[PDB]
Every structure is written in C-alpha cells, then in structure tokens.
Amino acid sequence: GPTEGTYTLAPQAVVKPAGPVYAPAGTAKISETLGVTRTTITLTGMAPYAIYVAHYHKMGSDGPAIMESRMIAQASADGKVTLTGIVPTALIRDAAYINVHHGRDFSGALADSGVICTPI
Amino acid sequence: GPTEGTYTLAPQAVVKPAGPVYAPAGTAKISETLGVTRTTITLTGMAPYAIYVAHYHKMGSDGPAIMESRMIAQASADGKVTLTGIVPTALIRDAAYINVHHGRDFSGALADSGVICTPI
Amino acid sequence: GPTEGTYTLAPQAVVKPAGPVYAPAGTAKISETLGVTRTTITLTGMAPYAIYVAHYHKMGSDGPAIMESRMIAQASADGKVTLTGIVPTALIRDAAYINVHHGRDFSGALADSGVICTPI
Amino acid sequence: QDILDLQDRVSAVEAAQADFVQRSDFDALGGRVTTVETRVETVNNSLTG
Amino acid sequence: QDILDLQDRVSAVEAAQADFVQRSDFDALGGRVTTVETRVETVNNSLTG
C-alpha cells in the first residue's frame with residue numbers, strides 16, 4: 001500500500017530574504033604608546049562576506065589617505081569585521097577621519113568610497 | 001596586401017537579457033510506504049546554479065519547520081532542481097505545506113523564505 | 001598605551017562606487033587574406049572581469065550568427081578585452097554586422113543578445 | 001458674456017487629475033528603489049569576498 | 001462680484017496638470033522595478049550556487 005499523493009506547487013508571492021541585515025555600525029579604539037598607534041575598528045551588521053579596507057583620510061570631504069595605515073580584513077557569516085593596524089604617530093599626524101571602505105581585493109582597492117566614517 | 005577595414009563600434013540600446021528564464025514551476029510526489037516517506041519535488045524554470053533547500057513547514061502561514069526533512073541539492077544548469085528525502089511518518093505529523101526555499105550553501109541555511117510551496 | 005581613544009561609527013550620507021566605469025567602446029579591424037579573414041577588436045571601458053563572445057551575424061540589427069566566427073576573451077580588471085579570430089572569407093560572405101555579446105562561460109552560450117555592434 | 005464657459009473648464013482639468021500619480025504611491029516605490037540599490041551592492045560585495 | 005475671478009483659477013491648476021506624472025508612465029516603471037528586484041535575487045542565487 002504505497003499511499004502516493006501528487007501535488008502541483010504554487011509560485012508563491014512573498015520572497016523576503018533571511019540572513020544578515022546590512023546595517024553598518026561599530027566603534028574605534030586608537031591607542032598611542034611610545035610613538036606607535038594601534039587602531040581596532042570592530043564593526044557589526046556589515047555585508048556577510050566582504051573585504052573592508054580602512055585607512056586614515058587627511059583633512060581637505062575628499063582628502064588624501066595616508067595609505068601607510070591600510071587595515072584590511074574580511075567579514076564572517078553574520079557581518080563582523082575586526083580591522084587592526086600599526087602606524088607611526090608622525091605618519092598619522094594631520095589625519096581627520098578614519099574612513100572604512102569596501103575592498104575589491106585582499107590586496108586593498110576601494111570598491112566603495114566610504115560605507116562608514118568616524119571623526120578622529 | 002589583403003583588404004583591411006577599421007570600423008568604430010557603437011553601443012546597442014536594448015541589451016535584452018538572454019539565457020534561461022526564471023518562472024518557478026514544479027510537481028511534488030509524497031509517496032508513503034510502511035512507516036517512512038520518500039518525497040520527490042521536481043522543480044523546473046528555477047535559477048541556473050542555485051541551492052534549493054526544501055522541508056515541511058508545520059501549521060503556524062509562516063510556521064515552524066520539521067527540519068528533519070531537509071533535502072538540499074543544486075539546480076543543474078537550466079533550473080532543473082530535483083529534491084528527494086526519507087522521513088518517518090511519525091515526525092511528519094501536523095505538517096501542512098512543503099515549502100521550497102533557496103539556500104546559502106549545501107549545509108542547509110535559509111536565503112529566501114518561500115520561492116514555491118504546496119498544501120500537503 | 002599611555003593614550004587611548006574610543007569613537008562610535010557614522011555611515012556617511014552617500015557611498016559612491018569606484019574602479020572601472022561601464023562605458024562600452026570598441027575598435028574593429030578586419031584584414032581578409034587569401035580565403036581567410038583575421039579580426040582584431042579592442043573593447044575598452046567594459047565590465048572588469050567578464051567574458052566577451054563575438055560573432056559575425058548575417059542580415060535578417062537582427063539575424064543569424066555565423067557560429068564559425070566566434071571569438072572569446074576576458075576583460076582584464078579595468079574592462080579591456082581584445083578579441084582575435086580567423087575565418088575563411090567564403091563563410092562570412094553574407095555577414096552584415098559583427099555583434100559583441102557577453103559570455104556565460106569559457107567557450108559557450110551568450111548571456112546577452114548584443115552589447116556593442118559595428119555595421120559591415 | 002461668461003454665461004458658463006468655465007463650468008466645463010472645471011471638470012476639464014478634474015478628469016486629468018483623476019489619473020496622474022500619487023505622492024505616497026511614488027514615495028513607496030522610491031523606498032523600494034533605494035532598498036534594491038543597497039541590495040545590489042551587498043550582493044556584489046559578499047560574492048566578491 | 002465674481003465678475004470672472006475664476007476664469008483665471010481654471011487655467012491656474014490646468015498649468016500644473018500639464019506636468020505632474022501619468023498612471024501608465026509610473027506603472028511602467030513599477031514593472032521594471034519588480035523585474036530588477038527578481039533579477040538581483042536570481043543573480044545572487046546563481047552566483048552563490
């Protein structure tokens with residue numbers, strides 16, 4: 001007795017997503033010691049799997065970036081990036097805003113031009 | 001020597017999409033035997049190479065899911081996803097609709113919440 | 001160390017994408033030798049790492065691709081793709097246009113139905 | 001002179017008003033466009049990563 | 001009293017009506033937005049697979 005029922009399925013109408021909500025948010029901890037600076041930007045609610053280059057943009061907003069401060073990292077499966085970087089203080093002198101961007105490659109690259117920025 | 005040529009190119013206006021077509025269709029097969037239930041949901045016109053995790057959602061119509069009927073498989077190359085799976089009838093009880101979702105990986109997970117579905 | 005600092009993040013106002021700009025341009029150059037035809041087409045401003053299948057479509061704009069004139073290549077990382085090929089001048093005696101399309105895979109079908117086209 | 005050559009001109013523009021669009025209607029659509037604009041970038045970034 | 005202080009008020013709103021939007025026009029765009037909404041998901045799912 002192989003009770004068998006064949007049912008055609010309907011194409012649905014409600015296809016809302018299910019996973020990390022892209023809601024950028026976080027904090028920064030720039031800590032000076034003996035002429036060196038250690039910056040830790042823990043972000044949450046980011047893209048689930050994405051490289052997030054972050055550097056120090058100088059004042060000028062546009063402004064150049066002291067690229068000797070590029071902190072690179074990728075996110076997890078919920079969207080948690082932890083940028084960490086060591087930069088001489090004399091280098092980061094005259095910096096204005098730590099701008100986080102998106103990374104086209106693990107070698108760096110600025111896919112996006114500022115998904116989140118903090119005044120320093 | 002041979003006749004040359006050097007035409008300048010020109011962008012086309014209606015660069016219409018080509019390739020297969022997204023129209024979720026399908027037919028389910030709830031064959032039942034002694035005390036186990038094999039179910040063959042054959043879907044067509046789906047997404048070319050996507051994962052299609054389908055299980056049995058209980059009455060609740062977003063409700064809870066007897067996850068012990070997960071079937072994960074990939075969608076061929078023209079959207080020909082063929083899901084199959086065995087589940088003791090005792091676990092199935094109170095299931096009202098077999099929901100098909102998209103997946104994030106072959107390890108289950110939920111991306112879309114109901115691309116196609118049928119009662120029983 | 002002796003100095004600390006803690007800054008919460010702010011997601012700017014507008015984030016702008018950078019890198020290549022999708023501005024399709026082109027430069028076709030035919031050179032028909034003894035019963036043979038070489039075709040070196042240089043497309044700049046294309047999609048960063050995409051496939052670019054190119055054929056000679058007959059009259060009937062619209063009309064059938066001489067499939068024996070396919071040229072395939074990738075667009076580097078700034079959108080620079082170079083298409084070269086060699087086809088007897090007898091088969092392309094009724095070609096009216098050289099339609100460049102996007103590709104689904106290495107040596108395969110089209111993903112578009114003509115992005116850029118030059119009349120011959 | 002102006003016996004009633006305006007009673008017609010009232011319903012005249014009123015007919016066109018019955019169509020057109022709606023503030024809320026258009027606004028709802030703008031929100032969806034913004035959501036899709038962000039979603040495309042999110043998909044691109046996740047897949048690139 | 002109302003000599004003709006309305007003959008102006010007719011063409012008054014009619015001028016603004018000549019602009020605005022159109023039901024069909026807005027609707028055509030909504031269908032395209034829905035198509036893009038589905039296309040983004042399709043691309044994401046295929047590439048993720």
# chains A, B, ... in the order shown; residues from 1 in each chain; ligands from 1
>>> interface_residues(of="chain E", to="chain A", cutoff="12 Å", atoms="only C-alpha atoms", output="VMD selection string")
chain E and resid 34 37 to 38 40 to 42 44 to 45 48
>>> write_last_selection(atoms="N, CA and C atoms", output="JSON list (two decimals), in the first residue's frame")
[["chain", "number", "residue", "atom", "x", "y", "z"],
["E", 34, "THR", "N", 10.09, 45.80, -10.33],
["E", 34, "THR", "CA", 9.85, 44.43, -9.90],
["E", 34, "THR", "C", 10.77, 43.45, -10.63],
["E", 37, "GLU", "N", 14.08, 43.68, -9.07],
["E", 37, "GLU", "CA", 14.05, 43.05, -7.76],
["E", 37, "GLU", "C", 14.23, 41.54, -7.89],
["E", 38, "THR", "N", 13.54, 40.94, -8.86],
["E", 38, "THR", "CA", 13.68, 39.50, -9.08],
["E", 38, "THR", "C", 15.05, 39.15, -9.67],
["E", 40, "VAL", "N", 17.98, 40.68, -9.30],
["E", 40, "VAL", "CA", 19.05, 40.74, -8.31],
["E", 40, "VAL", "C", 19.11, 39.44, -7.52],
["E", 41, "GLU", "N", 17.95, 38.96, -7.08],
["E", 41, "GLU", "CA", 17.91, 37.70, -6.34],
["E", 41, "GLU", "C", 18.36, 36.54, -7.21],
["E", 42, "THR", "N", 17.94, 36.52, -8.48],
["E", 42, "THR", "CA", 18.35, 35.43, -9.36],
["E", 42, "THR", "C", 19.86, 35.40, -9.54],
["E", 44, "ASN", "N", 22.16, 36.72, -7.54],
["E", 44, "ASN", "CA", 22.78, 36.35, -6.27],
["E", 44, "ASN", "C", 22.72, 34.85, -6.05],
["E", 45, "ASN", "N", 21.56, 34.24, -6.30],
["E", 45, "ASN", "CA", 21.40, 32.82, -6.05],
["E", 45, "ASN", "C", 22.26, 31.98, -7.00],
["E", 48, "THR", "N", 25.92, 32.42, -5.96],
["E", 48, "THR", "CA", 26.17, 31.74, -4.70],
["E", 48, "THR", "C", 26.22, 30.23, -4.90]]
>>> select_by_dssp(residues="segment 57-114 of chain B", states="alpha helix (DSSP H)", output="list in words")
residues 89, 90, 91 and 92 of chain B
>>> write_last_selection(atoms="C-alpha atoms", output="short mmCIF file (atom, residue, chain, number, x, y, z; two decimals), in the first residue's frame")
data_model
loop_
_atom_site.label_atom_id
_atom_site.label_comp_id
_atom_site.auth_asym_id
_atom_site.auth_seq_id
_atom_site.Cartn_x
_atom_site.Cartn_y
_atom_site.Cartn_z
CA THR B 89 5.73 9.48 9.06
CA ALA B 90 5.62 9.96 12.88
CA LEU B 91 7.91 13.04 12.62
CA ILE B 92 5.86 14.41 9.62
#
>>> closest_atom_pairs(of="chain C", to="chain A", cutoff="10 Å", atoms="only C-alpha atoms", output="CSV")
residue,atom,partner,partner_atom,distance
C:1,CA,A:33,CA,4.0
C:2,CA,A:33,CA,5.3
C:3,CA,A:32,CA,4.9
C:4,CA,A:31,CA,4.3
C:5,CA,A:30,CA,5.1
C:6,CA,A:29,CA,4.5
C:7,CA,A:28,CA,4.7
C:8,CA,A:27,CA,3.9
C:9,CA,A:26,CA,5.1
C:10,CA,A:117,CA,5.6
C:11,CA,A:116,CA,3.8
C:12,CA,A:116,CA,5.6
C:13,CA,A:115,CA,8.9
C:14,CA,A:115,CA,8.0
C:15,CA,A:114,CA,5.5
C:16,CA,A:113,CA,5.2
C:17,CA,A:112,CA,4.4
C:18,CA,A:111,CA,5.4
C:19,CA,A:111,CA,6.4
C:20,CA,A:111,CA,9.7
>>> atom_distance(atom1="atom CA of residue 76 of chain B", atom2="atom CA of residue 68 of chain C")
27.7 Å
>>> interface_residues(of="chain E", to="chain D", cutoff="6 Å", atoms="only C-alpha atoms", output="MDAnalysis selection string")
chainID E and resid 14 21:23
>>> residues_around(residues="residue 66 of chain A", least_positions_apart="5", cutoff="12 Å", atoms="only C-alpha atoms", output="list in words")
residues 54, 55, 56, 57, 58, 59, 71, 87, 88, 89, 90, 91, 92, 93, 94, 95, 96, 97, 98 and 99 of chain A
>>> write_last_selection(atoms="C-alpha atoms", output="PDB file, in the first residue's frame")
ATOM      1  CA  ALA A  54      40.033  51.006   6.211  1.00  0.00           C
ATOM      2  CA  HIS A  55      42.595  53.839   6.280  1.00  0.00           C
ATOM      3  CA  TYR A  56      43.108  57.377   7.684  1.00  0.00           C
ATOM      4  CA  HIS A  57      41.855  60.107   5.300  1.00  0.00           C
ATOM      5  CA  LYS A  58      43.557  63.523   5.865  1.00  0.00           C
ATOM      6  CA  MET A  59      41.531  66.796   6.033  1.00  0.00           C
ATOM      7  CA  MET A  71      43.865  47.951   7.689  1.00  0.00           C
ATOM      8  CA  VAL A  87      51.050  53.151  12.175  1.00  0.00           C
ATOM      9  CA  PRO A  88      53.836  55.569  13.359  1.00  0.00           C
ATOM     10  CA  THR A  89      52.229  58.628  15.108  1.00  0.00           C
ATOM     11  CA  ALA A  90      54.297  61.069  12.969  1.00  0.00           C
ATOM     12  CA  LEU A  91      52.681  59.433   9.902  1.00  0.00           C
ATOM     13  CA  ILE A  92      49.062  59.830  11.173  1.00  0.00           C
ATOM     14  CA  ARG A  93      49.785  63.457  12.213  1.00  0.00           C
ATOM     15  CA  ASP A  94      47.246  65.741  10.397  1.00  0.00           C
ATOM     16  CA  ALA A  95      44.698  62.921   9.777  1.00  0.00           C
ATOM     17  CA  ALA A  96      40.986  63.838  10.104  1.00  0.00           C
ATOM     18  CA  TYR A  97      38.598  60.861   9.685  1.00  0.00           C
ATOM     19  CA  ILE A  98      39.144  57.062   9.738  1.00  0.00           C
ATOM     20  CA  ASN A  99      37.149  56.090   6.606  1.00  0.00           C
TER      21      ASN A  99
END
>>> atom_distance(atom1="atom CA of residue 73 of chain A", atom2="atom CA of residue 48 of chain C")
22.5 Å
>>> select_by_dssp(residues="segment 1-118 of chain A", states="strand (DSSP E)", output="PyMOL selection string")
chain A and resi 6-8+25-32+36-44+54-58+65-71+81-88+95-100+116-118
>>> residues_around(residues="residue 51 of chain A", least_positions_apart="5", cutoff="7 Å", atoms="only C-alpha atoms", output="PDB file with N, CA and C atoms, in the first residue's frame")
ATOM      1  N   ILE A  72      43.341  45.840   6.497  1.00  0.00           N
ATOM      2  CA  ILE A  72      42.454  45.010   5.628  1.00  0.00           C
ATOM      3  C   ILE A  72      41.893  43.846   6.450  1.00  0.00           C
ATOM      4  N   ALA A  73      40.659  43.403   6.175  1.00  0.00           N
ATOM      5  CA  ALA A  73      40.063  42.216   6.843  1.00  0.00           C
ATOM      6  C   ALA A  73      38.821  41.775   6.074  1.00  0.00           C
ATOM      7  N   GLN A  74      38.352  40.551   6.307  1.00  0.00           N
ATOM      8  CA  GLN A  74      37.107  40.079   5.650  1.00  0.00           C
ATOM      9  C   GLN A  74      36.080  39.812   6.737  1.00  0.00           C
ATOM     10  N   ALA A  75      34.805  39.722   6.375  1.00  0.00           N
ATOM     11  CA  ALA A  75      33.771  39.566   7.412  1.00  0.00           C
ATOM     12  C   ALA A  75      33.447  38.085   7.611  1.00  0.00           C
ATOM     13  N   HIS A 102      35.072  49.541   1.019  1.00  0.00           N
ATOM     14  CA  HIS A 102      34.934  48.112   0.638  1.00  0.00           C
ATOM     15  C   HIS A 102      36.180  47.720  -0.152  1.00  0.00           C
ATOM     16  N   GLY A 103      36.604  46.462  -0.052  1.00  0.00           N
ATOM     17  CA  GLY A 103      37.835  46.012  -0.727  1.00  0.00           C
ATOM     18  C   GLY A 103      37.535  45.149  -1.938  1.00  0.00           C
ATOM     19  N   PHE A 106      41.992  41.413  -1.653  1.00  0.00           N
ATOM     20  CA  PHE A 106      42.669  41.333  -0.339  1.00  0.00           C
ATOM     21  C   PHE A 106      43.932  42.178  -0.411  1.00  0.00           C
TER      22      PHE A 106
ATOM     23  N   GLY D  49      33.832  38.996  -1.973  1.00  0.00           N
ATOM     24  CA  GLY D  49      34.605  38.492  -0.851  1.00  0.00           C
ATOM     25  C   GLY D  49      34.781  36.986  -0.898  1.00  0.00           C
TER      26      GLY D  49
END
>>> decode(residues="segment 21-48 of chain A", atoms="N, CA, C and O atoms", output="PDB file, in the first residue's frame")
ATOM      1  N   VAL A  21      21.283  41.535   8.094  1.00  0.00           N
ATOM      2  CA  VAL A  21      20.719  42.818   7.586  1.00  0.00           C
ATOM      3  C   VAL A  21      21.870  43.821   7.476  1.00  0.00           C
ATOM      4  O   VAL A  21      22.493  44.096   8.513  1.00  0.00           O
ATOM      5  N   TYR A  22      22.150  44.303   6.262  1.00  0.00           N
ATOM      6  CA  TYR A  22      23.249  45.279   6.043  1.00  0.00           C
ATOM      7  C   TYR A  22      22.910  46.584   6.769  1.00  0.00           C
ATOM      8  O   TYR A  22      22.271  47.463   6.157  1.00  0.00           O
ATOM      9  N   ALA A  23      23.318  46.698   8.037  1.00  0.00           N
ATOM     10  CA  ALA A  23      23.054  47.924   8.824  1.00  0.00           C
ATOM     11  C   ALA A  23      24.372  48.374   9.441  1.00  0.00           C
ATOM     12  O   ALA A  23      24.576  48.101  10.633  1.00  0.00           O
ATOM     13  N   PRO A  24      25.274  49.036   8.687  1.00  0.00           N
ATOM     14  CA  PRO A  24      26.602  49.364   9.190  1.00  0.00           C
ATOM     15  C   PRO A  24      26.618  50.095  10.532  1.00  0.00           C
ATOM     16  O   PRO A  24      25.866  51.040  10.682  1.00  0.00           O
ATOM     17  N   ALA A  25      27.450  49.624  11.470  1.00  0.00           N
ATOM     18  CA  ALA A  25      27.567  50.243  12.814  1.00  0.00           C
ATOM     19  C   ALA A  25      28.834  49.703  13.486  1.00  0.00           C
ATOM     20  O   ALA A  25      29.165  48.526  13.248  1.00  0.00           O
ATOM     21  N   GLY A  26      29.449  50.483  14.385  1.00  0.00           N
ATOM     22  CA  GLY A  26      30.617  49.987  15.146  1.00  0.00           C
ATOM     23  C   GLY A  26      31.264  51.070  15.995  1.00  0.00           C
ATOM     24  O   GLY A  26      30.581  52.081  16.221  1.00  0.00           O
ATOM     25  N   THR A  27      32.529  50.842  16.417  1.00  0.00           N
ATOM     26  CA  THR A  27      33.318  51.776  17.272  1.00  0.00           C
ATOM     27  C   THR A  27      34.803  51.766  16.868  1.00  0.00           C
ATOM     28  O   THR A  27      35.161  50.913  16.044  1.00  0.00           O
ATOM     29  N   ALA A  28      35.637  52.662  17.427  1.00  0.00           N
ATOM     30  CA  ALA A  28      37.091  52.653  17.141  1.00  0.00           C
ATOM     31  C   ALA A  28      37.882  52.857  18.439  1.00  0.00           C
ATOM     32  O   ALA A  28      37.400  53.614  19.306  1.00  0.00           O
ATOM     33  N   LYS A  29      39.046  52.210  18.563  1.00  0.00           N
ATOM     34  CA  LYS A  29      39.903  52.347  19.769  1.00  0.00           C
ATOM     35  C   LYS A  29      41.332  52.656  19.327  1.00  0.00           C
ATOM     36  O   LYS A  29      42.153  51.732  19.295  1.00  0.00           O
ATOM     37  N   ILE A  30      41.635  53.926  19.058  1.00  0.00           N
ATOM     38  CA  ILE A  30      43.022  54.338  18.671  1.00  0.00           C
ATOM     39  C   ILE A  30      43.876  54.544  19.920  1.00  0.00           C
ATOM     40  O   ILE A  30      43.544  55.420  20.718  1.00  0.00           O
ATOM     41  N   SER A  31      44.951  53.774  20.062  1.00  0.00           N
ATOM     42  CA  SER A  31      45.689  53.762  21.354  1.00  0.00           C
ATOM     43  C   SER A  31      47.160  54.076  21.104  1.00  0.00           C
ATOM     44  O   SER A  31      47.812  53.313  20.371  1.00  0.00           O
ATOM     45  N   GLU A  32      47.651  55.197  21.646  1.00  0.00           N
ATOM     46  CA  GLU A  32      49.062  55.618  21.416  1.00  0.00           C
ATOM     47  C   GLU A  32      49.922  55.126  22.584  1.00  0.00           C
ATOM     48  O   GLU A  32      49.400  55.082  23.716  1.00  0.00           O
ATOM     49  N   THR A  33      51.146  54.707  22.262  1.00  0.00           N
ATOM     50  CA  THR A  33      52.062  54.210  23.310  1.00  0.00           C
ATOM     51  C   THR A  33      53.349  55.034  23.298  1.00  0.00           C
ATOM     52  O   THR A  33      53.341  56.153  23.849  1.00  0.00           O
ATOM     53  N   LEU A  34      54.392  54.515  22.678  1.00  0.00           N
ATOM     54  CA  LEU A  34      55.730  55.154  22.587  1.00  0.00           C
ATOM     55  C   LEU A  34      56.022  55.485  21.123  1.00  0.00           C
ATOM     56  O   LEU A  34      57.027  54.971  20.592  1.00  0.00           O
ATOM     57  N   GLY A  35      55.174  56.310  20.499  1.00  0.00           N
ATOM     58  CA  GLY A  35      55.411  56.710  19.098  1.00  0.00           C
ATOM     59  C   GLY A  35      54.759  55.780  18.091  1.00  0.00           C
ATOM     60  O   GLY A  35      55.042  55.938  16.896  1.00  0.00           O
ATOM     61  N   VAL A  36      53.911  54.854  18.547  1.00  0.00           N
ATOM     62  CA  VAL A  36      53.182  53.962  17.597  1.00  0.00           C
ATOM     63  C   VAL A  36      51.691  54.009  17.913  1.00  0.00           C
ATOM     64  O   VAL A  36      51.344  54.271  19.080  1.00  0.00           O
ATOM     65  N   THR A  37      50.830  53.791  16.912  1.00  0.00           N
ATOM     66  CA  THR A  37      49.359  53.833  17.140  1.00  0.00           C
ATOM     67  C   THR A  37      48.719  52.499  16.741  1.00  0.00           C
ATOM     68  O   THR A  37      48.967  52.046  15.606  1.00  0.00           O
ATOM     69  N   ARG A  38      47.928  51.907  17.641  1.00  0.00           N
ATOM     70  CA  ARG A  38      47.223  50.634  17.331  1.00  0.00           C
ATOM     71  C   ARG A  38      45.717  50.908  17.270  1.00  0.00           C
ATOM     72  O   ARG A  38      45.133  51.214  18.328  1.00  0.00           O
ATOM     73  N   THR A  39      45.111  50.757  16.099  1.00  0.00           N
ATOM     74  CA  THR A  39      43.679  51.079  15.853  1.00  0.00           C
ATOM     75  C   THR A  39      42.841  49.803  15.712  1.00  0.00           C
ATOM     76  O   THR A  39      43.194  48.968  14.875  1.00  0.00           O
ATOM     77  N   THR A  40      41.747  49.685  16.469  1.00  0.00           N
ATOM     78  CA  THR A  40      40.897  48.467  16.373  1.00  0.00           C
ATOM     79  C   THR A  40      39.457  48.885  16.055  1.00  0.00           C
ATOM     80  O   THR A  40      38.791  49.434  16.955  1.00  0.00           O
ATOM     81  N   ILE A  41      39.004  48.636  14.821  1.00  0.00           N
ATOM     82  CA  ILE A  41      37.618  49.016  14.423  1.00  0.00           C
ATOM     83  C   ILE A  41      36.768  47.747  14.348  1.00  0.00           C
ATOM     84  O   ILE A  41      36.826  47.055  13.312  1.00  0.00           O
ATOM     85  N   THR A  42      36.024  47.454  15.421  1.00  0.00           N
ATOM     86  CA  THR A  42      35.112  46.278  15.431  1.00  0.00           C
ATOM     87  C   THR A  42      33.757  46.720  14.869  1.00  0.00           C
ATOM     88  O   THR A  42      33.124  47.600  15.487  1.00  0.00           O
ATOM     89  N   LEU A  43      33.350  46.148  13.731  1.00  0.00           N
ATOM     90  CA  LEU A  43      32.078  46.549  13.071  1.00  0.00           C
ATOM     91  C   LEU A  43      31.088  45.383  13.117  1.00  0.00           C
ATOM     92  O   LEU A  43      31.548  44.227  13.086  1.00  0.00           O
ATOM     93  N   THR A  44      29.787  45.681  13.183  1.00  0.00           N
ATOM     94  CA  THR A  44      28.749  44.619  13.154  1.00  0.00           C
ATOM     95  C   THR A  44      27.684  45.016  12.133  1.00  0.00           C
ATOM     96  O   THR A  44      27.674  46.196  11.745  1.00  0.00           O
ATOM     97  N   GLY A  45      26.827  44.078  11.719  1.00  0.00           N
ATOM     98  CA  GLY A  45      25.724  44.410  10.794  1.00  0.00           C
ATOM     99  C   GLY A  45      26.255  44.766   9.424  1.00  0.00           C
ATOM    100  O   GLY A  45      25.623  45.557   8.734  1.00  0.00           O
ATOM    101  N   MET A  46      27.423  44.232   9.053  1.00  0.00           N
ATOM    102  CA  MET A  46      28.047  44.606   7.753  1.00  0.00           C
ATOM    103  C   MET A  46      27.637  43.594   6.681  1.00  0.00           C
ATOM    104  O   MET A  46      26.754  42.761   6.965  1.00  0.00           O
ATOM    105  N   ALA A  47      28.257  43.663   5.499  1.00  0.00           N
ATOM    106  CA  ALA A  47      27.980  42.650   4.454  1.00  0.00           C
ATOM    107  C   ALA A  47      28.444  41.303   5.006  1.00  0.00           C
ATOM    108  O   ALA A  47      29.488  41.283   5.688  1.00  0.00           O
ATOM    109  N   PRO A  48      27.747  40.176   4.745  1.00  0.00           N
ATOM    110  CA  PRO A  48      28.116  38.911   5.381  1.00  0.00           C
ATOM    111  C   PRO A  48      29.553  38.488   5.043  1.00  0.00           C
ATOM    112  O   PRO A  48      30.277  38.206   5.960  1.00  0.00           O
TER     113      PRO A  48
END
